[PDB]
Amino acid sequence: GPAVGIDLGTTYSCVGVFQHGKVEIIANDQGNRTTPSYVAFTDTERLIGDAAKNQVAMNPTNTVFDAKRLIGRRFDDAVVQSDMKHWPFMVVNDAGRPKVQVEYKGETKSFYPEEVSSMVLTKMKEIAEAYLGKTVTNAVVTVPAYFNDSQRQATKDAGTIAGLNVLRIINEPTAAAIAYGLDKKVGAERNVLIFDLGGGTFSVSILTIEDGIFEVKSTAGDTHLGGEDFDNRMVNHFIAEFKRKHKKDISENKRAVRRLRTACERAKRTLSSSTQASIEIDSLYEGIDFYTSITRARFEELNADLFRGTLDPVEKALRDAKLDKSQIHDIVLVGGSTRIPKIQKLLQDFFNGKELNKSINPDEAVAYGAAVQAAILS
């Protein structure tokens, strides 16, 4: 059976396989090429992926996400203490280790973060198997460059309990470089910049490649900046508009808000290709149907400061690595958010017109590289 490459992401995961010299990003049951890192527990079942995300506004306390933020970490971790203040699900301490507590089939159950991630890992695996028409065993799973040994250990473990034989854990920026073939030996040192703007995490990494050997010279970014922050700005904008037209504040109604957010995220995706998108929501609050729309222009100004601030981590990464803009040879876009036109303009302007590597879907780049790496290791 072919070895596969898996991008176990904070908000979205993706799986690819290298066959016949070509890499293939496998679409799921719903036809999507990336699937949410969501797990939901109900009275009758355990939902994973799209099915899980497609019901979060109905089962908030029992729909788990952001497990990547917990994995390989302790409960006493300041990160965890901060993070949990925003999760609708419970996180309990267990001999120092954090566990997520949910209600499955009427009974109260808790899971270790690596158990949650294995659930997502199993979903990717079954997706691969359904496509390949054969059982998948060996795999290469990716992890951020800043993960310590504990976090990598836990990610590896999430793999074993999923029935996956993890051939190797490689960094996400490194996987992105390999996808574009920037790992080939050209008898010279090459500086590559990875700009990763995903769903809830932002990471900039500068890699130096010589004779096939990578070297993460610098890294910067924000663990709490991603495509979700852009959705929120849209939401706040519409919560205000609704109040104008219908003099009703839907803030308190968690369901109205979550349904509006889903419509915003989708409009956002459209905005990367069109200049305007319509928001059509039936019976948002009470029996009022919310029919409206946004323009790319307005979208851009609602997120202006966020988009712009994206350059700060870029400057920092540069000075740490001790390099000038002119010294970086290649720039590769990773993450779903990099499909945004204004982000591409902004970065290009910063690197004074330099060409951006973006022929491979940024949200598939990591999986793609892992799949190639899985291939060589098998």
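All residue numbers refer to positions in the sequence shown, first residue = 1.
- The PDB entry reports B-factors from which the mean C-alpha value can be compared for 302 to 310 and 80 to 88; the larger average falls on 80 to 88.
- Of the two segments, 359 to 367 and 16 to 24, the one listed with the higher mean B-factor is 16 to 24 (C-alpha atoms only).
- The residue among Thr338, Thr35, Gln348, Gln55 whose C-alpha carries the highest B-factor in the deposited model is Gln55.
- In this entry, the residue among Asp231, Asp149, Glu210, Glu115 with the greatest C-alpha B factor is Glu210.
- The PDB entry assigns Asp249 a C-alpha temperature factor belonging to the highest third of its chain's modelled residues.
- Per-chain ranking of the deposited C-alpha B factor places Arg296 in the lowest third.
- In this PDB entry, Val186 carries a Cα temperature factor that places it within the highest third of its chain's modelled residues.
- The deposited CA B-factor of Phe238 belongs to the middle third of values across its chain.
- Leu323: CA B factor lies in the highest third for its chain, per the PDB record.
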